[PDB]
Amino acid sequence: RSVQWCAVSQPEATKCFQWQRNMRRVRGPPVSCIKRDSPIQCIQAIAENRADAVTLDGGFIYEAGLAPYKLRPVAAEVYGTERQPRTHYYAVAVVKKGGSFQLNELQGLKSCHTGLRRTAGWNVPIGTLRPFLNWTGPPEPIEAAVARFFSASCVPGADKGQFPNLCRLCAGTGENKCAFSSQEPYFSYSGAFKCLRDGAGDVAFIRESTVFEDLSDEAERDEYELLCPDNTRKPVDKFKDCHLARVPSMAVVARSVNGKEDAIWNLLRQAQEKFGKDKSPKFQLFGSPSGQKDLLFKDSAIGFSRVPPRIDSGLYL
């Protein structure tokens, strides 16, 4: 049949339907869409045969690989350039130029995170800051120690009921405040970076490219610097010498048994040829419209790379 793609929002479904009409027009391999609400709803649906595929961040790749889902990664997103390509990215800590604090001096400060359980926005910074955390738990949750450490944060998807200070800086309206979706304006890489630019937080945990994709002016880019792990501040273009971790790309996952891996692969490979970076004026696979960013796949991606057979979700990570 078709490859069924899981979409986690309404604009993502809209792009999926456009991908399906574009593949038909061009007579490529068929794709069809499914609309879920979070990434776990798409992980549940693929597992229960209602969808076949979805692209995930490293922290959810972990989660989808567990029992009883047992999903595995099939294609990794390629970043960088055509000349210098890579299947990895970098977790950074961005701050405003002018400050004096370091990575070791973050106590009581205000933070912006891409979302809860995301790689560069959460797992990496909480894994790094662990010595200052003073986590006595469990049974105390990790979010409770983080809430005590930072004065206020914006961590989309965190429980505002139990941990009110982690959603305190979040900019969404009403029930969408602290939401793990595009309705919370500080969600993801650009939202976390915008929380830093707005002045609500003193540090944003993101990836290396967000500042270059969001600030096109180079002079505007000189108002920010990175917080390195040697406790030094360095400019934004020195990410390879100033990062918290080198993390593998976001990946498309499928089922480990009867997952349609080769069908998924041929779809992606064909979609990258016809609708890739500068391939078509009609449809852009690595592109989002207007008030949207990273719909289905990351906007700055330039391709896919087939993840080898018998590679685990834990062994890919």
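All residue numbers are counted from 1 along the displayed sequence.
Stretches 227-235 and 138-146 differ in mean C-alpha B factor, with the higher average recorded for 138-146. Stretches 305-313 and 292-300 differ in mean C-alpha B factor, with the higher average recorded for 305-313.
As recorded in the PDB entry, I40 shows the highest C-alpha B-factor of the residues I40, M250, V26, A47.
The maximum CA B-factor among the listed residues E273, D52, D278, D57, taken from the PDB record, is found at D278. Ranked by Cα temperature factor within the chain, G80 sits in the highest third according to the deposited record. When all modelled residues of the chain are sorted by CA temperature factor, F163 is found within the highest third.
Looking at the C-alpha B-factors along this chain, the one for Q102 belongs to the lowest third. In the PDB entry, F283 places in the lowest third of its chain by CA B-factor. Sort the modelled residues of the chain by CA B factor and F132 lands in the highest third.
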